[PDB]
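Beneath this line is the structure, given in structure tokens, with notes to follow.
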Amino acid sequence: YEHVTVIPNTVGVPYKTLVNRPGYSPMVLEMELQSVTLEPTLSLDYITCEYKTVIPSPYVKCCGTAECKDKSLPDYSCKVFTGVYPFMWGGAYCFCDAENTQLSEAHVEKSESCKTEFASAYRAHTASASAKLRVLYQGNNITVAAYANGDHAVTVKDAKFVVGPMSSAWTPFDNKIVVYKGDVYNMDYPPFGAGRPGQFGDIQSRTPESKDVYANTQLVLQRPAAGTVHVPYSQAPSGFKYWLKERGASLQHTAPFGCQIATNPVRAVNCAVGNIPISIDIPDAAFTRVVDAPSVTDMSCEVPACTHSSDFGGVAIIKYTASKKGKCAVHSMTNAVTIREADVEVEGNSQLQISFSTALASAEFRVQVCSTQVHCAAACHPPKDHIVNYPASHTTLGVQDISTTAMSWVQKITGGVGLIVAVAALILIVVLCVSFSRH
Amino acid sequence: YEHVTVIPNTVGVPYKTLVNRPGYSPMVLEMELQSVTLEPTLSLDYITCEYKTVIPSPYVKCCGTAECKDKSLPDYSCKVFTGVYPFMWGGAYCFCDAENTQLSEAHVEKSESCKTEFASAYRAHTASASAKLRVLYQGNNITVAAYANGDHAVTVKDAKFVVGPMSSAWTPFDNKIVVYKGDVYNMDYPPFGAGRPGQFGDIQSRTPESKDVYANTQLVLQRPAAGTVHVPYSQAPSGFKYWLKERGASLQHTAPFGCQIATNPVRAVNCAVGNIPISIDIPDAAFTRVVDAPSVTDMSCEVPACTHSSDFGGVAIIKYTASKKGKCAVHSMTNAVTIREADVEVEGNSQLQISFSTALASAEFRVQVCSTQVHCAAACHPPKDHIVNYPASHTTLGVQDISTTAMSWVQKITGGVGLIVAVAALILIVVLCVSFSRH
Amino acid sequence: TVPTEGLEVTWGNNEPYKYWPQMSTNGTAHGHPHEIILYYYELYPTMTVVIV
Ligand SMILES: *[C@@H]1O[C@H](CO)[C@@H](O)[C@H](O)[C@H]1NC(C)=O
Ligand SMILES: *[C@@H]1O[C@H](CO)[C@@H](O)[C@H](O)[C@H]1NC(C)=O
Ligand SMILES: *[C@@H]1O[C@H](CO)[C@@H](O)[C@H](O)[C@H]1NC(C)=O
Ligand SMILES: *[C@@H]1O[C@H](CO)[C@@H](O)[C@H](O)[C@H]1NC(C)=O
Ligand SMILES: *[C@@H]1O[C@H](CO)[C@@H](O)[C@H](O)[C@H]1NC(C)=O
């Protein structure tokens with residue numbers, strides 16, 4: 001026996017549905033949603049980290065001319081200077097007082113610390129979905145876990161469940177993201193091989209264990225000062241350090257719809273969009289025949305108090321006459337009023353108590369208890385607190401919902417004005433016929 | 001200097017482009033495409049293999065009644081029979097001739113061979129692309145390799161190349177594919193947990209190392225024959241074996257556009273769709289000044305033979321007078337004619353020879369050699385071979401390409417008819433003017 | 001039949017073959033009028049009839 005329902009995508013509010021099968025007593029179910037998760041598909045592009053500079057000892061050749069050759073190492077440079085005359089702690093270095101030369105060189109490498117401090121760039125694709133549910137079944141709580149599409153089914157206590165697919169495809173991630181120790185940012189990083197001297201991406205590599213390194217920093221050698229031995233240079237500062245000090249707020253604080261974000265692996269949790277269909281299959285062994293359920297013959301309704309607050313602010317008292325002891329289900333027959341209790345116990349001649357919530361100013365609704373109907377009505381008062389810390393447990397109201405007192409005034413006014421038009425219309429018709437016929 | 005070009009997606013056909021920079025001699029490049037590869041992103045759903053049935057020894061109890069309890073094993077069954085009287089090789093088993101019973105049970109497991117013979121179901125997503133090229137650069141062959149999108153750049157001999165993106169998003173794979181030892185099929189496999197008794201998907205598991213198995217084969221126990229000890233049963237035969245005997249043709253033999261298929265990893269190669277843009281950055285040191293290149297002052301052209309076949313069926317001879325020894329480029333000024341040679345060497349007073357191919361019935365075109373132009377013309381004959389084994393090396397024709405003799409006949413007929421209208425109209429204009437004036 | 005885009009044929013366990021068509025005709029593009037029409041008809045049958 002198949003049954004289909006739809007529940008909105010809100011976490012932490014229960015919902016109820018009615019199953020009615022001819023020949024058997026009605027049964028009422030309750031469901032509550034605990035978590036929804038989305039997970040994208042990722043591919044890696046490159047990583048960045050700090051750099052290091054290597055400078056070997058200078059070569060000083062007096063009374064001679066030096067020269068240097070080219071190499072393939074990244075950012076290699078060599079220069080030759082003339083007219084030097086170094087000093088050391090014991091006196092002058094070389095006997096010659098002229099025609100001295102000095103040779104200098106430097107190149108750029110990758111830092112060792114890159115295995116622990118680094119950032120990674122990714123490409124994003126279509127995401128999957130998963131969900132977790134709590135179901136009240138046969139007087140006990142059971143839990144199910146399944147993928148949110150039509151390609152998965154689970155069996156708990158001889159019942160089949162199918163969840164999904166979802167009604168919306170909205171995702172908070174763009175095409176390009178960058179990840180760093182729990183934070184996710186949206187950023188359009190520069191392409192491979194097209195870095196800049198002082199921004200994100202001056203140094204690039206394909207994986208932390210690769211040996212190929214690309215670098216686009218500036219490196220210019222400068223003339224040494226008189227009487228000293230050293231190798232001065234000019235170079236742009238590191239771009240990875242600057243980003244850490246100016247990166248701003250992450251997605252967890254700016255994302256819409258109230259989503260949460262975790263990074264191992266990258267996930268989005270509890271985004272409230274859309275609704276989810278659900279399908280359930282119930283075996284025949286769970287039903288009870290109508291001949292065995294008790295009957296109820298007389299009913300009445302009395303309501304002592306009503307305040308239309310966000311919580312359960314209603315109370316009702318119902319009287320009954322029952323044939324024999326047993327169980328019965330309770331259900332509301334209107335949409336504006338929700339009832340908390342699902343099952344009640346009945347015996348002999350007694351009364352039962354129920355509670356409800358509603359946003360209507362004037363209440364009128366029907367209650368079904370084991371195949372009978374009862375009518376209740378009341379007037380409700382407004383609350384006194386301005387702000388609460390939880391969402392409402394009832395639906396919104398429409399344009400047709402108006403108090404009984406207000407409706408009466410509208411009827412009298414419209415009726416009165418309509419009569420004046422009606423009486424005046426008849427006089428015109430009588431006169432018009434006389435003119436027509438008499439001529 | 002930045003240059004942009006567009007190349008059609010055809011393998012095995014060379015193409016040429018012209019680079020023109022004011023103040024310098026022109027340069028000609030040649031490019032040829034060797035391979036293009038597409039690769040999708042995959043995700044595993046479940047696997048299937050063959051099954052085994054386990055039957056423990058029966059239990060025979062004489063002069064009594066037996067019973068059995070429930071268990072959680074897949075496809076478990078138990079039954080009890082009465083009225084049995086088994087025999088063995090030495091005589092009857094038990095003394096009692098009545099009130100005996102027999103108990104039998106069986107269940108289903110996963111075969112050991114699943115580690116070697118299995119099939120796997122995948123779900124596919126958007127694919128990436130890559131390409132490899134050959135370029136003729138300053139008299140040498142160089143090779144490049146890059147991804148077919150705008151996010152990659154490579155440098156070879158101080159030249160920077162960027163390739164992509166592609167003009168089309170066509171892919172030969174659907175959302176659901178099946179892989180088995182080098183073959184790929186398009187198939188809509190059943191949902192997990194919803195198998196069928198005699199088709200693909202009766203046995204399901206999540207990984208070859210998992211312990212959870214779902215089974216939906218039929219198993220019914222039957223009555224033993226008189227005088228024998230055994231456990232007969234009825235069951236539907238394996239669905240995996242059936243699929244192997246009637247699976248049909250693979251994706252390689254049925255796919256369109258001539259694509260080829262490989263499986264480790266899954267790829268598709270050499271699909272002829274769309275076109276690919278290319279951008280190149282040439283350094284300043286590669287150019288030669290106009291004052292250093294030789295000059296050519298006098299030219300004439302003659303064409304001794306032409307046959308408009310799919311190969312290079314033309315020959316041409318050009319006479320020239322040069323100012324000094326040097327090198328020169330050759331490039332065609334029309335789209336319907338292609339010239340194989342890229343450059344020539346010029347000296348003194350001599351002649352040079354070239355070859356060309358075209359689809360025109362009557363050939364007229366211009367040839368440029370080091371900033372001067374010459375006019376050539378000839379007539380062409382049709383070939384005799386009906387079928388060949390290689391594609392054409394020239395472009396298609398339009399409505400404007402018509403033999404010179406055919407155009408002449410069109411002009412005489414159209415002009416002659418038009419004159420008769422022209423003379424007739426003049427008579428009409430005169431007669432009306434006379435009639436207007438006479439009145 | 002061999003279409004414009006080509007044909008591929010496989011036989012047993014061997015490698016496939018490839019074929020492409022090539023222009024041929026019994027007419028001529030120079031000479032008398034009735035021989036000019038035949039030349040184009042055998043290459044583009046459908047457009048020749050519509051235009052004429
Ligand atoms: C811990 O250190 C290892 C390398 O020693 C690194 O791979 C990993 O990312 C680090 N984890 C955290 C949370 O810092
Ligand atoms: C579990 O079932 C009991 C009834 O037996 C119910 O009162 C309780 O609320 C259920 N658990 C939760 C978390 O609602
Ligand atoms: C080779 O054997 C291993 C296990 O022994 C299996 O995983 C693999 O699929 C086999 N390959 C082929 C081509 O049969
Ligand atoms: C390499 O260059 C030569 C010209 O020097 C050319 O003939 C040859 O075809 C090129 N190689 C390939 C594989 O095309
Ligand atoms: C042309 O004439 C020859 C004469 O032998 C004939 O075989 C052929 O079918 C004709 N048509 C073509 C298109 O060659």
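Note on naming: chains are A, B, ... as they come in the structure tokens, residues start from 1 per chain, ligands start from 1 in the order shown.
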Shell around stretch 18-32 of chain C at 10 Å using only C-alpha atoms, local window under 4 positions removed, as a PDB file with N, CA, C and O atoms, in the first residue's frame:
ATOM      1  N   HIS B 308      42.863  19.021 -61.066  1.00  0.00           N
ATOM      2  CA  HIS B 308      42.281  19.377 -59.770  1.00  0.00           C
ATOM      3  C   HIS B 308      41.861  18.117 -59.010  1.00  0.00           C
ATOM      4  O   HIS B 308      40.686  17.842 -58.766  1.00  0.00           O
ATOM      5  N   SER B 309      42.872  17.352 -58.613  1.00  0.00           N
ATOM      6  CA  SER B 309      42.674  16.184 -57.775  1.00  0.00           C
ATOM      7  C   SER B 309      42.801  16.573 -56.305  1.00  0.00           C
ATOM      8  O   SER B 309      43.046  17.731 -55.960  1.00  0.00           O
ATOM      9  N   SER B 310      42.633  15.590 -55.421  1.00  0.00           N
ATOM     10  CA  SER B 310      42.710  15.836 -53.989  1.00  0.00           C
ATOM     11  C   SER B 310      44.136  16.025 -53.492  1.00  0.00           C
ATOM     12  O   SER B 310      44.324  16.442 -52.345  1.00  0.00           O
ATOM     13  N   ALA B 359      40.435  23.286 -56.249  1.00  0.00           N
ATOM     14  CA  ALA B 359      39.230  22.646 -56.758  1.00  0.00           C
ATOM     15  C   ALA B 359      38.580  23.406 -57.908  1.00  0.00           C
ATOM     16  O   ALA B 359      37.511  22.999 -58.372  1.00  0.00           O
ATOM     17  N   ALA B 361      37.747  24.953 -61.632  1.00  0.00           N
ATOM     18  CA  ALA B 361      37.836  24.553 -63.031  1.00  0.00           C
ATOM     19  C   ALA B 361      38.676  25.523 -63.850  1.00  0.00           C
ATOM     20  O   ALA B 361      39.278  25.120 -64.850  1.00  0.00           O
ATOM     21  N   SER B 362      38.718  26.793 -63.453  1.00  0.00           N
ATOM     22  CA  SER B 362      39.536  27.805 -64.112  1.00  0.00           C
ATOM     23  C   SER B 362      40.238  28.608 -63.030  1.00  0.00           C
ATOM     24  O   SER B 362      39.576  29.212 -62.180  1.00  0.00           O
ATOM     25  N   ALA B 379      44.260  26.651 -67.126  1.00  0.00           N
ATOM     26  CA  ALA B 379      43.076  25.805 -67.203  1.00  0.00           C
ATOM     27  C   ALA B 379      43.385  24.415 -66.658  1.00  0.00           C
ATOM     28  O   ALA B 379      44.523  23.943 -66.733  1.00  0.00           O
ATOM     29  N   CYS B 380      42.363  23.758 -66.106  1.00  0.00           N
ATOM     30  CA  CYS B 380      42.555  22.532 -65.342  1.00  0.00           C
ATOM     31  C   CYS B 380      41.631  21.424 -65.834  1.00  0.00           C
ATOM     32  O   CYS B 380      40.526  21.682 -66.317  1.00  0.00           O
ATOM     33  N   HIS B 381      42.101  20.183 -65.697  1.00  0.00           N
ATOM     34  CA  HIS B 381      41.461  18.965 -66.177  1.00  0.00           C
ATOM     35  C   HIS B 381      40.960  18.104 -65.018  1.00  0.00           C
ATOM     36  O   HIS B 381      41.460  18.209 -63.892  1.00  0.00           O
ATOM     37  N   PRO B 382      39.979  17.236 -65.257  1.00  0.00           N
ATOM     38  CA  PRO B 382      39.463  16.375 -64.181  1.00  0.00           C
ATOM     39  C   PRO B 382      40.209  15.055 -64.114  1.00  0.00           C
ATOM     40  O   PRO B 382      40.827  14.627 -65.100  1.00  0.00           O
ATOM     41  N   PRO B 383      40.174  14.369 -62.954  1.00  0.00           N
ATOM     42  CA  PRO B 383      40.924  13.114 -62.800  1.00  0.00           C
ATOM     43  C   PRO B 383      40.142  11.876 -63.212  1.00  0.00           C
ATOM     44  O   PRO B 383      39.002  11.977 -63.676  1.00  0.00           O
ATOM     45  N   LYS B 384      40.751  10.696 -63.045  1.00  0.00           N
ATOM     46  CA  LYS B 384      40.144   9.437 -63.458  1.00  0.00           C
ATOM     47  C   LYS B 384      39.912   8.438 -62.331  1.00  0.00           C
ATOM     48  O   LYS B 384      39.113   7.516 -62.513  1.00  0.00           O
ATOM     49  N   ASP B 385      40.574   8.586 -61.185  1.00  0.00           N
ATOM     50  CA  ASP B 385      40.420   7.638 -60.088  1.00  0.00           C
ATOM     51  C   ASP B 385      39.197   7.993 -59.252  1.00  0.00           C
ATOM     52  O   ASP B 385      39.014   9.151 -58.864  1.00  0.00           O
ATOM     53  N   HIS B 386      38.358   6.994 -58.977  1.00  0.00           N
ATOM     54  CA  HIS B 386      37.094   7.252 -58.295  1.00  0.00           C
ATOM     55  C   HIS B 386      37.249   7.391 -56.782  1.00  0.00           C
ATOM     56  O   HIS B 386      36.625   8.270 -56.179  1.00  0.00           O
ATOM     57  N   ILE B 387      38.062   6.548 -56.145  1.00  0.00           N
ATOM     58  CA  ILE B 387      38.104   6.462 -54.688  1.00  0.00           C
ATOM     59  C   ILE B 387      39.550   6.429 -54.208  1.00  0.00           C
ATOM     60  O   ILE B 387      40.402   5.768 -54.811  1.00  0.00           O
ATOM     61  N   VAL B 388      39.823   7.148 -53.116  1.00  0.00           N
ATOM     62  CA  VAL B 388      41.142   7.235 -52.504  1.00  0.00           C
ATOM     63  C   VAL B 388      40.997   7.019 -50.999  1.00  0.00           C
ATOM     64  O   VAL B 388      39.893   6.867 -50.478  1.00  0.00           O
ATOM     65  N   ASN B 389      42.135   7.009 -50.297  1.00  0.00           N
ATOM     66  CA  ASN B 389      42.189   6.639 -48.886  1.00  0.00           C
ATOM     67  C   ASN B 389      42.591   7.788 -47.963  1.00  0.00           C
ATOM     68  O   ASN B 389      42.997   7.536 -46.826  1.00  0.00           O
ATOM     69  N   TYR B 390      42.489   9.037 -48.410  1.00  0.00           N
ATOM     70  CA  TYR B 390      42.920  10.155 -47.579  1.00  0.00           C
ATOM     71  C   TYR B 390      42.062  11.375 -47.872  1.00  0.00           C
ATOM     72  O   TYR B 390      41.522  11.498 -48.978  1.00  0.00           O
ATOM     73  N   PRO B 391      41.910  12.282 -46.911  1.00  0.00           N
ATOM     74  CA  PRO B 391      41.011  13.424 -47.098  1.00  0.00           C
ATOM     75  C   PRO B 391      41.610  14.499 -47.995  1.00  0.00           C
ATOM     76  O   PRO B 391      42.814  14.541 -48.255  1.00  0.00           O
ATOM     77  N   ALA B 392      40.729  15.376 -48.471  1.00  0.00           N
ATOM     78  CA  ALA B 392      41.137  16.457 -49.356  1.00  0.00           C
ATOM     79  C   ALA B 392      41.934  17.513 -48.599  1.00  0.00           C
ATOM     80  O   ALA B 392      41.752  17.722 -47.396  1.00  0.00           O
ATOM     81  N   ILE B 402      32.771  29.833 -61.057  1.00  0.00           N
ATOM     82  CA  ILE B 402      32.208  29.294 -62.288  1.00  0.00           C
ATOM     83  C   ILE B 402      33.230  29.482 -63.403  1.00  0.00           C
ATOM     84  O   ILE B 402      33.943  30.490 -63.439  1.00  0.00           O
ATOM     85  N   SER B 403      33.308  28.503 -64.303  1.00  0.00           N
ATOM     86  CA  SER B 403      34.243  28.570 -65.417  1.00  0.00           C
ATOM     87  C   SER B 403      33.987  29.808 -66.268  1.00  0.00           C
ATOM     88  O   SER B 403      32.853  30.273 -66.406  1.00  0.00           O
ATOM     89  N   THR B 404      35.069  30.347 -66.836  1.00  0.00           N
ATOM     90  CA  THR B 404      34.981  31.609 -67.564  1.00  0.00           C
ATOM     91  C   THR B 404      34.089  31.494 -68.793  1.00  0.00           C
ATOM     92  O   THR B 404      33.386  32.448 -69.146  1.00  0.00           O
ATOM     93  N   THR B 405      34.104  30.341 -69.465  1.00  0.00           N
ATOM     94  CA  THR B 405      33.244  30.171 -70.631  1.00  0.00           C
ATOM     95  C   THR B 405      31.772  30.152 -70.240  1.00  0.00           C
ATOM     96  O   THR B 405      30.921  30.659 -70.980  1.00  0.00           O
ATOM     97  N   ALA B 406      31.450  29.573 -69.083  1.00  0.00           N
ATOM     98  CA  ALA B 406      30.063  29.551 -68.631  1.00  0.00           C
ATOM     99  C   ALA B 406      29.558  30.955 -68.321  1.00  0.00           C
ATOM    100  O   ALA B 406      28.405  31.285 -68.622  1.00  0.00           O
TER     101      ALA B 406
ATOM    102  N   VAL C   2      29.441   4.925 -50.790  1.00  0.00           N
ATOM    103  CA  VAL C   2      30.409   5.780 -50.116  1.00  0.00           C
ATOM    104  C   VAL C   2      29.823   7.189 -50.053  1.00  0.00           C
ATOM    105  O   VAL C   2      29.719   7.861 -51.088  1.00  0.00           O
ATOM    106  N   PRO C   3      29.430   7.673 -48.883  1.00  0.00           N
ATOM    107  CA  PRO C   3      28.894   9.032 -48.766  1.00  0.00           C
ATOM    108  C   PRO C   3      30.017  10.064 -48.799  1.00  0.00           C
ATOM    109  O   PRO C   3      31.196   9.738 -48.919  1.00  0.00           O
ATOM    110  N   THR C   4      29.618  11.334 -48.702  1.00  0.00           N
ATOM    111  CA  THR C   4      30.584  12.427 -48.765  1.00  0.00           C
ATOM    112  C   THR C   4      31.579  12.362 -47.613  1.00  0.00           C
ATOM    113  O   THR C   4      32.781  12.575 -47.809  1.00  0.00           O
ATOM    114  N   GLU C   5      31.100  12.068 -46.404  1.00  0.00           N
ATOM    115  CA  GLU C   5      31.956  12.105 -45.226  1.00  0.00           C
ATOM    116  C   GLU C   5      32.834  10.869 -45.068  1.00  0.00           C
ATOM    117  O   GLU C   5      33.774  10.907 -44.268  1.00  0.00           O
ATOM    118  N   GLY C   6      32.567   9.793 -45.792  1.00  0.00           N
ATOM    119  CA  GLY C   6      33.441   8.640 -45.756  1.00  0.00           C
ATOM    120  C   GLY C   6      32.783   7.430 -45.107  1.00  0.00           C
ATOM    121  O   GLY C   6      31.751   7.522 -44.438  1.00  0.00           O
ATOM    122  N   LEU C   7      33.411   6.273 -45.320  1.00  0.00           N
ATOM    123  CA  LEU C   7      32.918   4.983 -44.861  1.00  0.00           C
ATOM    124  C   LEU C   7      34.025   4.232 -44.133  1.00  0.00           C
ATOM    125  O   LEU C   7      35.199   4.339 -44.501  1.00  0.00           O
ATOM    126  N   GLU C   8      33.649   3.476 -43.103  1.00  0.00           N
ATOM    127  CA  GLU C   8      34.582   2.665 -42.327  1.00  0.00           C
ATOM    128  C   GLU C   8      34.074   1.233 -42.264  1.00  0.00           C
ATOM    129  O   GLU C   8      32.906   1.003 -41.939  1.00  0.00           O
ATOM    130  N   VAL C   9      34.950   0.275 -42.569  1.00  0.00           N
ATOM    131  CA  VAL C   9      34.584  -1.132 -42.693  1.00  0.00           C
ATOM    132  C   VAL C   9      35.547  -1.977 -41.869  1.00  0.00           C
ATOM    133  O   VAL C   9      36.763  -1.762 -41.907  1.00  0.00           O
ATOM    134  N   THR C  10      35.000  -2.940 -41.128  1.00  0.00           N
ATOM    135  CA  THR C  10      35.768  -3.827 -40.265  1.00  0.00           C
ATOM    136  C   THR C  10      35.489  -5.273 -40.652  1.00  0.00           C
ATOM    137  O   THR C  10      34.338  -5.645 -40.898  1.00  0.00           O
ATOM    138  N   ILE C  36      28.463  21.636 -71.140  1.00  0.00           N
ATOM    139  CA  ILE C  36      28.699  22.365 -69.897  1.00  0.00           C
ATOM    140  C   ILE C  36      27.689  21.954 -68.834  1.00  0.00           C
ATOM    141  O   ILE C  36      28.037  21.802 -67.657  1.00  0.00           O
ATOM    142  N   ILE C  37      26.426  21.772 -69.226  1.00  0.00           N
ATOM    143  CA  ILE C  37      25.389  21.423 -68.258  1.00  0.00           C
ATOM    144  C   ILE C  37      25.669  20.057 -67.642  1.00  0.00           C
ATOM    145  O   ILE C  37      25.482  19.852 -66.436  1.00  0.00           O
ATOM    146  N   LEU C  38      26.123  19.104 -68.459  1.00  0.00           N
ATOM    147  CA  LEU C  38      26.375  17.753 -67.967  1.00  0.00           C
ATOM    148  C   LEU C  38      27.461  17.741 -66.898  1.00  0.00           C
ATOM    149  O   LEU C  38      27.377  16.978 -65.929  1.00  0.00           O
ATOM    150  N   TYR C  39      28.495  18.567 -67.068  1.00  0.00           N
ATOM    151  CA  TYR C  39      29.603  18.601 -66.116  1.00  0.00           C
ATOM    152  C   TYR C  39      29.111  18.889 -64.703  1.00  0.00           C
ATOM    153  O   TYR C  39      29.461  18.177 -63.755  1.00  0.00           O
ATOM    154  N   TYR C  40      28.296  19.931 -64.542  1.00  0.00           N
ATOM    155  CA  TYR C  40      27.842  20.319 -63.212  1.00  0.00           C
ATOM    156  C   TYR C  40      26.768  19.386 -62.668  1.00  0.00           C
ATOM    157  O   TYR C  40      26.677  19.204 -61.449  1.00  0.00           O
ATOM    158  N   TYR C  41      25.948  18.801 -63.542  1.00  0.00           N
ATOM    159  CA  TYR C  41      24.877  17.922 -63.081  1.00  0.00           C
ATOM    160  C   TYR C  41      25.428  16.713 -62.339  1.00  0.00           C
ATOM    161  O   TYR C  41      24.878  16.305 -61.309  1.00  0.00           O
ATOM    162  N   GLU C  42      26.510  16.122 -62.846  1.00  0.00           N
ATOM    163  CA  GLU C  42      27.059  14.913 -62.245  1.00  0.00           C
ATOM    164  C   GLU C  42      27.763  15.170 -60.920  1.00  0.00           C
ATOM    165  O   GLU C  42      28.076  14.207 -60.213  1.00  0.00           O
ATOM    166  N   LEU C  43      28.022  16.427 -60.565  1.00  0.00           N
ATOM    167  CA  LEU C  43      28.640  16.766 -59.289  1.00  0.00           C
ATOM    168  C   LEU C  43      27.646  17.283 -58.260  1.00  0.00           C
ATOM    169  O   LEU C  43      27.750  16.937 -57.080  1.00  0.00           O
TER     170      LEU C  43
END
Counting only C-alpha atoms and all ligand atoms, which protein, DNA or RNA residues come within 8 Å of ligand 1, given as a list in words?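 Residues satisfying the distance criterion: residues 115, 116, 117 and 181 of chain A.
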Do you know which residues are at most 12 Å from residue B:173 counting only C-alpha atoms, after dropping those on the same chain fewer than 6 positions away, and could you put them as a list in words?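 The filter keeps residues 38, 39, 40, 41, 42, 122, 123, 124, 125, 126, 127, 184, 185, 186, 187, 251, 252, 255, 256, 259, 261, 266, 267 and 268 of chain B.
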Expected selection as a list in words for ligand 4 within 12 Å, only C-alpha atoms and all ligand atoms: residues 12, 13, 14, 30, 31, 32, 33, 34, 133, 134, 135, 136, 137, 138, 139, 140, 141, 142, 143, 340, 341, 342 and 343 of chain B
Residues of the last selection are to be written out with C-alpha atoms, as a PDB file, in the first residue's frame.
ATOM      1  CA  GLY B  12      46.436  15.427 -40.226  1.00  0.00           C
ATOM      2  CA  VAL B  13      46.035  18.622 -42.281  1.00  0.00           C
ATOM      3  CA  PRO B  14      48.592  21.466 -42.069  1.00  0.00           C
ATOM      4  CA  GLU B  30      52.786  26.413 -40.061  1.00  0.00           C
ATOM      5  CA  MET B  31      50.782  24.361 -37.545  1.00  0.00           C
ATOM      6  CA  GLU B  32      49.415  20.813 -37.440  1.00  0.00           C
ATOM      7  CA  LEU B  33      47.211  19.022 -34.898  1.00  0.00           C
ATOM      8  CA  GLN B  34      48.128  15.517 -33.707  1.00  0.00           C
ATOM      9  CA  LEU B 133      50.525  20.506 -31.419  1.00  0.00           C
ATOM     10  CA  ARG B 134      53.456  20.733 -33.830  1.00  0.00           C
ATOM     11  CA  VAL B 135      54.723  24.158 -34.954  1.00  0.00           C
ATOM     12  CA  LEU B 136      57.378  25.022 -37.556  1.00  0.00           C
ATOM     13  CA  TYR B 137      59.363  27.893 -36.034  1.00  0.00           C
ATOM     14  CA  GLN B 138      62.426  29.496 -37.659  1.00  0.00           C
ATOM     15  CA  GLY B 139      63.303  26.361 -39.605  1.00  0.00           C
ATOM     16  CA  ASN B 140      62.894  23.878 -36.734  1.00  0.00           C
ATOM     17  CA  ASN B 141      60.155  21.597 -35.425  1.00  0.00           C
ATOM     18  CA  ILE B 142      58.949  22.176 -31.859  1.00  0.00           C
ATOM     19  CA  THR B 143      56.170  20.498 -29.881  1.00  0.00           C
ATOM     20  CA  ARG B 340      53.073  23.811 -49.989  1.00  0.00           C
ATOM     21  CA  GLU B 341      56.398  25.661 -49.834  1.00  0.00           C
ATOM     22  CA  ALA B 342      57.119  28.041 -46.946  1.00  0.00           C
ATOM     23  CA  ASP B 343      60.305  29.836 -48.073  1.00  0.00           C
TER      24      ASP B 343
END
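Of all the residues in stretch 152-324 of chain A, the ones DSSP labels as helix (DSSP H, G or I) from the backbone are residues 239, 240, 241, 242, 243, 244, 245, 246, 251, 252, 253, 254, 256, 257, 258, 284, 285 and 286 of chain A.
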Take the residues from that selection and put them in a file with C-alpha atoms, as a CSV table (one decimal), in the first residue's frame.
chain,number,residue,atom,x,y,z
A,239,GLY,CA,52.8,37.9,-1.7
A,240,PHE,CA,51.5,35.0,0.3
A,241,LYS,CA,52.2,36.8,3.6
A,242,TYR,CA,50.3,39.9,2.5
A,243,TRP,CA,47.1,37.8,1.7
A,244,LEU,CA,47.0,36.4,5.2
A,245,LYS,CA,46.8,39.9,6.7
A,246,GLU,CA,44.1,41.2,4.4
A,251,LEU,CA,31.8,32.2,3.6
A,252,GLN,CA,30.6,31.0,7.0
A,253,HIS,CA,29.7,34.6,8.0
A,254,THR,CA,28.5,36.0,4.7
A,256,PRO,CA,22.8,33.6,2.6
A,257,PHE,CA,19.9,31.4,3.9
A,258,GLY,CA,21.8,30.7,7.1
A,284,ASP,CA,-0.8,-5.4,5.7
A,285,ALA,CA,0.1,-6.8,9.1
A,286,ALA,CA,0.1,-3.4,10.7
Expected answer as a ChimeraX atom specification: residues within 12 Å of ligand 3, only C-alpha atoms and all ligand atoms: /B:112-120,179-182,208-209,263-264
Would you mind listing what lies within 9 Å of residue A:78 as a ChimeraX atom specification, with only C-alpha atoms counted and same-chain residues fewer than 2 positions away left out? /A:68-70,76,80,103-106,221
For a quick check of understanding, using only C-alpha atoms, which of B:234, B:128, B:297, B:279 has the smallest distance to chain A?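 When distances to chain A are compared using only C-alpha atoms, the smallest one comes from B:128.
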Could the residues of chain B within 10 Å of chain A, counting only C-alpha atoms, be given as a VMD selection string, please? chain B and resid 41 43 45 125 to 126 150 to 155 160 189 to 194
Would you list, as a PyMOL selection string, the residues of stretch 72-185 of chain B that end up in strand (DSSP E) under DSSP run on this structure's backbone? chain B and resi 77-82+87-88+91-92+101-110+119-124+128-137+140-147+154-156+159-163+176-180+183-185
